[PDB]
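A.B. asks:
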RNA sequence: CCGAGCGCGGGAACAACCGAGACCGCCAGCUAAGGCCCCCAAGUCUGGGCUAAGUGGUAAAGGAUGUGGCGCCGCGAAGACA
RNA sequence: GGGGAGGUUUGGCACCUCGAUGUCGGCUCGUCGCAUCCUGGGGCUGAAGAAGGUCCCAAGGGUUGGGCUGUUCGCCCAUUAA
RNA sequence: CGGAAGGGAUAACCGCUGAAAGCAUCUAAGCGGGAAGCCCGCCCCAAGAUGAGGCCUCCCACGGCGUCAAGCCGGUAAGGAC
Ligand SMILES: [Mg+2]
Ligand SMILES: [Mg+2]
Ligand SMILES: [Mg+2]
Ligand SMILES: [Mg+2]
Ligand SMILES: [Mg+2]
Ligand SMILES: [Mg+2]
Ligand SMILES: [Mg+2]
Ligand SMILES: [Mg+2]
Ligand SMILES: [Mg+2]
Ligand SMILES: [Mg+2]
Ligand SMILES: [Mg+2]
Ligand SMILES: [Mg+2]
Ligand SMILES: [Mg+2]
Ligand SMILES: [Mg+2]
Ligand SMILES: [Mg+2]
Ligand SMILES: [Mg+2]
Ligand SMILES: [Mg+2]
Ligand SMILES: [Mg+2]
Ligand SMILES: [Mg+2]
Ligand SMILES: [Mg+2]
Ligand SMILES: [Mg+2]
Ligand SMILES: [Mg+2]
Ligand SMILES: [Mg+2]
Ligand SMILES: [Mg+2]
Ligand SMILES: [Mg+2]
Ligand SMILES: [Mg+2]
Ligand SMILES: [Mg+2]
Ligand SMILES: [Mg+2]
Ligand SMILES: [Mg+2]
Ligand SMILES: [Mg+2]
Ligand SMILES: [Mg+2]
Ligand SMILES: [Mg+2]
Ligand SMILES: [Mg+2]
Ligand SMILES: [Mg+2]
Ligand SMILES: [Mg+2]
Ligand SMILES: [Mg+2]
Ligand SMILES: [Mg+2]
Ligand SMILES: [Mg+2]
Ligand SMILES: [Mg+2]
Ligand SMILES: [Mg+2]
Ligand SMILES: [Mg+2]
Ligand SMILES: [Mg+2]
Ligand SMILES: [Mg+2]
Ligand SMILES: [Mg+2]
Ligand SMILES: [Mg+2]
Ligand SMILES: [Mg+2]
Ligand SMILES: [Mg+2]
Ligand SMILES: [Mg+2]
Ligand SMILES: [Mg+2]
Ligand SMILES: [Mg+2]
Ligand SMILES: [Mg+2]
Ligand SMILES: [Mg+2]
Ligand SMILES: [Mg+2]
Ligand SMILES: [Mg+2]
Ligand SMILES: [Mg+2]
Ligand SMILES: [Mg+2]
Ligand SMILES: [Mg+2]
Ligand SMILES: [Mg+2]
Ligand SMILES: [Mg+2]
Ligand SMILES: [Mg+2]
Ligand SMILES: [Mg+2]
Ligand SMILES: [Mg+2]
Ligand SMILES: [Mg+2]
Ligand SMILES: [Mg+2]
Ligand SMILES: [Mg+2]
Ligand SMILES: [Mg+2]
Ligand SMILES: [Mg+2]
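Residue numbers (the entry's author numbering), protein chains in the order written: chain BN, 25 to 161; chain BH, 12 to 170; chain BE, 1 to 204.
#1: Residue 98(BN) CB to nearest chain BE CB: under 8 Å?
#2: Residue 130(BE): beta carbon under 7 Å from a heavy atom of ligand 2?
#3: Got a sec: is the Cβ-Cβ distance from residue 161(BE) to anything in chain BN below 8 Å?
#4: Considering only their Cβ atoms, is the gap separating residue 5(BE) from residue 67(BE) smaller than 8 Å?
#5: What does the alpha-carbon distance come out to for the pair residue 137(BN) and residue 122(BN)?
#6: When every heavy atom of ligand 7 is checked, does at least one fall within less than 7 Å of the C-beta of residue 102(BN)?
#7: Could you spell out where the alpha helix (DSSP H) holding residue 63(BH) opens and where it closes?
#8: Restricting to runs no shorter than 4 residues, where is the alpha helix (DSSP H) found entirely within the stretch 72-143 of chain BN?
#9: Let me check one thing: in DSSP terms, what residues is residue 158(BE) bridge-paired to?
#10: Run through the DSSP bridge pairs and tell me what residue 161(BH) is partnered with.
#11: Using three-state DSSP, classify residue 96(BE) as helix, strand or coil.
#12: State the Cα-Cα distance for the pair residue 64(BN) and residue 68(BH), rounded to the nearest angstrom.
#13: What does residue 8(BE) pair with, by DSSP beta-bridge criteria?
#14: Any contact between the stretch 5-15 of chain BE and the stretch 149-168 of chain BH? By contact I mean 3 or more CB pairs, one from each, below 8 Å.
#15: Spell out whether any CB of chain BN is found under 8 Å from the CB atom of residue 155(BE).
#16: Can you find the residues in the same chain that come closer than 6 Å, C-beta to C-beta, to residue 53(BN), ignoring five residues on each side of it along the sequence?
#17: May I ask which residues mark the beginning and end of the beta strand (DSSP E) holding residue 54(BE)?
#18: Anyone know if the C-beta pair for residue 195(BE) and residue 23(BE) falls short of 8 Å?
#19: Got a sec, what are the start and stop residues for the beta strand (DSSP E) residue 197(BE) sits in?
#20: Using the beta-carbon of each residue, which ones in chain BE are nearer than 9 Å to residue 131(BN)?
#21: In three-state terms, what does DSSP make of residue 123(BH)?
#22: Could you spell out the range, first to last residue, of the beta strand (DSSP E) harbouring residue 102(BH)?
#23: In or out: residue 1(BE) buried (at least 16 other Cβ within 10 Å) or exposed?
#24: Should residue 28(BH) be labelled buried (16 or more other beta-carbon atoms within 10 Å of its own) or exposed?
#25: Excluding the five sequence neighbours on either side, which residues of its own chain have a C-beta within less than 6 Å of the C-beta of residue 152(BH), listed in chain order?
#26: I need the straight-line Cα distance from residue 71(BE) to residue 91(BE), nearest angstrom please.
#27: Can at least three beta-carbon pairs, one atom from the stretch 37-52 of chain BN and one from the stretch 112-120 of chain BN, be found at a separation below 8 Å?
#28: Taking the Cβ atom as the reference point for each residue, do residue 76(BH) and residue 142(BH) lie within a distance shorter than 8 Å?
#29: Which residue from 153(BE), 189(BE) and 173(BE) puts its Cα closest to that of residue 100(BN)?
#30: Does at least one heavy atom of ligand 4 sit under 7 Å from the Cβ of residue 139(BE)?
#31: Taking the Cβ atom as the reference point for each residue, do residue 25(BE) and residue 170(BE) lie within a distance shorter than 8 Å?
#32: Tell me the DSSP bridge mates of residue 96(BH)?
#33: Using 8 Å as the limit for Cβ to Cβ distance, is residue 146(BN) near chain BE?
#34: Let me know the secondary structure DSSP gives residue 146(BE) once reduced to three states.
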């Protein structure tokens with residue numbers, strides 16, 4: 025009868041940002057939000073490490089994405105469709121652009137949404153130096 | 012390429028002289044090289060892309076030098092009857108039919124002269140600024156294609 | 001950026017030279033500055049003016065603790081005027097020279113549950129040729145199977161009035177410091193006796 | 001082939017397209033189509049090219065000094081092309 | 001002569017609805033498209049100027065009141081930036 | 001009394017410098033100008049922004065059972081309701 029872990033313990037982690045290709049990096053981050061690397065993987069409990077990104081205001085991206093890529097956003101009202109381009113995201117709220125990716129790479133349910141909360145993105149760094157912080161790459 | 016004071020950088024190139032200093036940023040994937048009497052330029056490959064960048068930089072830096080050397084300056088004629096000009100201190104002010112007399116800001120590091128109501132010299136070190144600002148003035152009232160009025164460079168009349 | 005709280009006392013008209021002018025009288029009584037918003041403590045800049053004398057009765061609340069740290073007679077009301085930091089003391093009508101223009105804010109009269117015709121000033125049906133049970137009705141509200149629903153924010157009957165209404169560019173017709181009075185161009189939201197804040201316009 | 005296989009896998013979803021004919025049980029294994037960056041199992045595999053349009057992510061006559069590649073004719077240090 | 005786009009017209013087909021999906025016009029309330037009527041910005045003009053012509057960019061707002069007919073449509077009267 | 005002003009980025013379009021391509025080119029590196037449109041600015045809503053924010057001020061210990069777990073039962077404080 026297959027193994028089932030007990031109350032784990034939140035391993036935290038610290039990722040850079042500069043020079044990282046937006047999507048490429050976003051993948052790794054997600055796989056960390058879920059277990060998938062921890063061999064006691066359990067798809068119904070959430071125990072993926074806490075992730076903390078910093079200097080997100082520096083993310084690389086190929087092509088002409090800075091002008092090409094535009095983020096849509098619907099409000100309930102007529103014509104409520106907004107078209108914000110990448111250039112403007114970073115120009116304004118830049119931690120935002122990293123979120124719109126990883127979130128879009130997490131599962132859909134109630135647990136998936138919990139996982140998003142385990143992500144902390146900054147443009148800095150200078151993040152709140154709580155405790156653990158094992159920088160990675 | 013004599014008169015230099017050139018200095019290399021992780022991407023840009025400084026060029027001092029009797030006139031001033033001008034940082035002339037150039038492609039990073041390019042070798043500048045500084046002989047002693049002249050500055051050379053080297054491209055890493057003969058690919059289609061590198062060709063274009065070689066010749067560009069080959070000139071950017073050349074003009075950076077000839078800039079602090081002899082310097083650049085453009086001429087500007089003013090045809091048409093009432094059309095005339097004068098120099099209000101640092102700034103130029105010209106009238107060309109417009110009910111409003113056109114005051115003109117002298118940009119950072121540029122100075123122009125009016126050795127005559129018709130003649131207008133735009134003197135400056137930064138070739139870019141000279142070319143742009145020169146046109147800016149012409150734009151204030153391009154030449155009529157039905158007469159012989161307005162600002163001109165020094166080329167044939169539009170007839 | 002100026003600012004000052006007052007009440008709509010009422011309105012009449014006075015004569016400027018050989019021309020009559022409708023004016024609304026605003027009592028912008030002396031406002032004891034109470035606190036200050038700063039970039040360091042609050043994250044923005046502003047000033048919390050008090051207004052109107054409170055009896056220490058209703059002040060049973062620890063509001064006294066707020067008034068103590070400023071040594072101010074307890075007031076009946078207090079709101080901030082954004083981005084306006086007067087010298088430490090008290091603001092008054094003195095900041096309004098005649099000929100200045102002001103943006104006045106007030107809570108409009110409350111028109112209760114209002115029909116579409118009064119609220120949105122619709123057209124409604126005919127008093128006459130048939131129908132006779134939709135005279136004040138709004139008629140159609142949609143289409144058919146597509147979109148097959150009604151638009152967000154569709155105009156429909158409902159409560160309307162008694163909301164934050166700001167008029168703009170009203171001319172300061174006069175100013176009577178002997179009475180903390182303030183004359184304007186007449187049209188100012190809210191009913192008489194209603195609190196109302198007066199600011200500097202955004203014409204220039 | 002569906003009908004009668006709207007049972008299973010792939011195709012985003014979808015009778016008839018691709019794989020394959022479900023007697024029952026198994027917290028065992030090899031595969032098929034399709035896939036192996038994240039939602040989602042499995043290569044951010046290896047080697048050699050091409051593409052800078054988000055092409056790929058779904059359209060024609062026709063138009064253009066886009067870019068890379070093979071072939072042919074001609075001019076050239078007896079001095080050309082601009 | 002040749003190639004297309006669109007899905008407002010007229011058709012073709014007979015796929016859901018005949019144990020019911022109420023058909024024109026008007027009124028009311030609109031919202032969306034842009035292949036733009038006006039206003040804003042441009043290129044050319046066989047553009048002197050004023051005024052036009054043609055193509056390009058651009059929905060943000062605007063886009064009148066009457067006569068005739070059930071009319072949609074259209075004609076007409078008086079205006080209009082339209 | 002309002003439509004704005006103004007700031008910023010752009011469309012067609014107009015340019016500076018400028019190779020690839022000894023000239024030429026607004027462009028491939030790079031830059032300036034340019035719309036009633038875009039983003040701000042104005043007015044209104046708005047922390048169920050479950051990502052529930054911020055500031056000033058006020059009241060603070062258990063009074064009995066639960067040893068461990070968080071709670072649980074009555075009397076009160078600032079304060080609130082009837
Ligand atoms: Mg595109
Ligand atoms: Mg569930
Ligand atoms: Mg479910
Ligand atoms: Mg009526
Ligand atoms: Mg009837
Ligand atoms: Mg009836
Ligand atoms: Mg629907
Ligand atoms: Mg529906
Ligand atoms: Mg009264
Ligand atoms: Mg049958
Ligand atoms: Mg069969
Ligand atoms: Mg089915
Ligand atoms: Mg199937
Ligand atoms: Mg899917
Ligand atoms: Mg199917
Ligand atoms: Mg199926
Ligand atoms: Mg099947
Ligand atoms: Mg096959
Ligand atoms: Mg797959
Ligand atoms: Mg095609
Ligand atoms: Mg085809
Ligand atoms: Mg094609
Ligand atoms: Mg073709
Ligand atoms: Mg052609
Ligand atoms: Mg020959
Ligand atoms: Mg020989
Ligand atoms: Mg040639
Ligand atoms: Mg055809
Ligand atoms: Mg149709
Ligand atoms: Mg048809
Ligand atoms: Mg049928
Ligand atoms: Mg048949
Ligand atoms: Mg039925
Ligand atoms: Mg029915
Ligand atoms: Mg009908
Ligand atoms: Mg009808
Ligand atoms: Mg026009
Ligand atoms: Mg004209
Ligand atoms: Mg003419
Ligand atoms: Mg003529
Ligand atoms: Mg003529
Ligand atoms: Mg005129
Ligand atoms: Mg074009
Ligand atoms: Mg168009
Ligand atoms: Mg009419
Ligand atoms: Mg007429
Ligand atoms: Mg007219
Ligand atoms: Mg006309
Ligand atoms: Mg503006
Ligand atoms: Mg501004
Ligand atoms: Mg443009
Ligand atoms: Mg040129
Ligand atoms: Mg460029
Ligand atoms: Mg460019
Ligand atoms: Mg600009
Ligand atoms: Mg503007
Ligand atoms: Mg306007
Ligand atoms: Mg802004
Ligand atoms: Mg913004
Ligand atoms: Mg409210
Ligand atoms: Mg509010
Ligand atoms: Mg709250
Ligand atoms: Mg609030
Ligand atoms: Mg709160
Ligand atoms: Mg606080
Ligand atoms: Mg105690
Ligand atoms: Mg005690």
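The beta-carbon is built from N, C-alpha and C at its ideal position, and this holds for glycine as well.
C.D. replies: In short, the structure shows the following:
#1: The residue given as residue 98(BN) occupies position 74 in the first chain. With 8 Å as the cut-off, residue 98(BN) does not count as an interface residue toward chain BE.
#2: Numbered from 1 along the third chain, position 130 holds the residue referred to as residue 130(BE). No, ligand 2 has no heavy atom inside 7 Å of this Cβ.
#3: Residue 161(BE) sits at position 161 when you count from the first residue of the third chain. No, its Cβ sits nowhere closer than 8 Å to a Cβ of chain BN.
#4: The residue you call residue 67(BE) lines up with position 67 of the third chain. The residue you call residue 5(BE) lines up with position 5 of the third chain. No; because the gap between Cβ atoms is not below 8 Å, this pair is not in contact.
#5: Within the first chain, residue 137(BN) is the residue found at index 113, counting from 1. Within the first chain, residue 122(BN) is the residue found at index 98, counting from 1. Each residue's Cα considered, the two are about 16 Å apart.
#6: Working through the first chain from its first residue, we reach residue 102(BN) at position 78. Checking every heavy atom of ligand 7 against the Cβ of residue 102(BN), none is found closer than 7 Å.
#7: Along the second chain, read from residue 1 onward, the residue named residue 63(BH) stands at position 52. 59-80 is the extent of the alpha helix (DSSP H) around residue 63(BH).
#8: 110-115, 119-126 and 134-141
#9: Indexing the third chain from 1 puts residue 158(BE) at position 158. DSSP output for residue 158(BE) lists 114(BE) as bridge partner(s).
#10: Start at 1 with the first residue of the second chain, and residue 161(BH) comes out as number 150. The partner list for residue 161(BH) (beta bridge, DSSP) reads 90(BH).
#11: As a working note, residue 96(BE) is residue 96 in the third chain. Note: residue 96(BE) maps to coil in three-state DSSP.
#12: In the first chain, the residue the question calls residue 64(BN) occupies position 40. In the second chain, the residue the question calls residue 68(BH) occupies position 57. Going by the C-alpha atoms only, they are around 58 Å apart.
#13: To locate residue 8(BE), count along the third chain from 1; it is residue 8. Its beta-bridge partners are 26(BE).
#14: no
#15: In the third chain, counting from the first residue as 1, residue 155(BE) sits at position 155. Chain BN, which has no Cβ nearer than 8 Å to the Cβ of residue 155(BE), makes this no.
#16: Taking the first residue of the first chain as position 1, residue 53(BN) is located at position 29. Same-chain partners within the cutoff: 75 and 126.
#17: Counting from 1 along the third chain, the entry for residue 54(BE) is found at position 54. Careful: residue 54(BE) lies outside any beta strand (DSSP E) and carries neither H nor E.
#18: For the purposes of this step, residue 195(BE) is taken as residue 195 along the third chain, with counting starting at 1. For the purposes of this step, residue 23(BE) is taken as residue 23 along the third chain, with counting starting at 1. Not in contact: residue 195(BE) and residue 23(BE) (Cβ atoms no closer than 8 Å).
#19: As a working note, residue 197(BE) is residue 197 in the third chain. Looking at the DSSP string, the run of the beta strand (DSSP E) that includes residue 197(BE) is 195-200.
#20: Position 107 of the first chain, counted from the start, is the residue given in the question as residue 131(BN). Neighbours of residue 131(BN) on chain BE: none; closest Cβ ~30 Å, over 9 Å.
#21: Numbered from 1 along the second chain, position 112 holds the residue referred to as residue 123(BH). Here residue 123(BH) sits in strand by DSSP.
#22: Numbered from its first residue, the second chain carries residue 102(BH) at position 91. Run containing residue 102(BH): 102-106, per the beta strand (DSSP E) assignment.
#23: Within the third chain, residue 1(BE) is the residue found at index 1, counting from 1. The residue is exposed, with fewer than 16 neighbouring Cβ atoms inside 10 Å.
#24: Taking the first residue of the second chain as position 1, residue 28(BH) is located at position 17. Label assigned to residue 28(BH): buried.
#25: Translated into the one-based positions of the second chain, residue 152(BH) becomes position 141. Cβ neighbours of residue 152(BH) beyond the five flanking positions: 107, 161 and 162.
#26: As a working mapping, residue 71(BE) is identified with position 71 in the third chain. As a working mapping, residue 91(BE) is identified with position 91 in the third chain. Whole-angstrom Cα-Cα distance: 16 Å.
#27: no
#28: Locating residue 76(BH) in the second chain gives position 65, where the first residue counts as 1. Locating residue 142(BH) in the second chain gives position 131, where the first residue counts as 1. Going by C-beta atoms, residue 76(BH) is not nearer than 8 Å to residue 142(BH).
#29: Residue 100(BN) sits at position 76 when you count from the first residue of the first chain. For residue 100(BN), the nearest C-alpha among the options comes from 153(BE).
#30: One-based indexing of the third chain puts residue 139(BE) at position 139. No, Cβ of residue 139(BE) sits at least 7 Å from all heavy atoms of ligand 4.
#31: The sequence position of residue 25(BE) within the third chain is 25, counting from 1. The sequence position of residue 170(BE) within the third chain is 170, counting from 1. No, they are not a contact pair.
#32: Here residue 96(BH) refers to the residue found at position 85 of the second chain. In the DSSP output, where bridge partners are listed per residue, residue 96(BH) has 105(BH).
#33: In the first chain, the residue the question calls residue 146(BN) occupies position 122. Not an interface residue.
#34: Residue 146(BE) sits at position 146 when you count from the first residue of the third chain. It is coil, neither helix nor strand.
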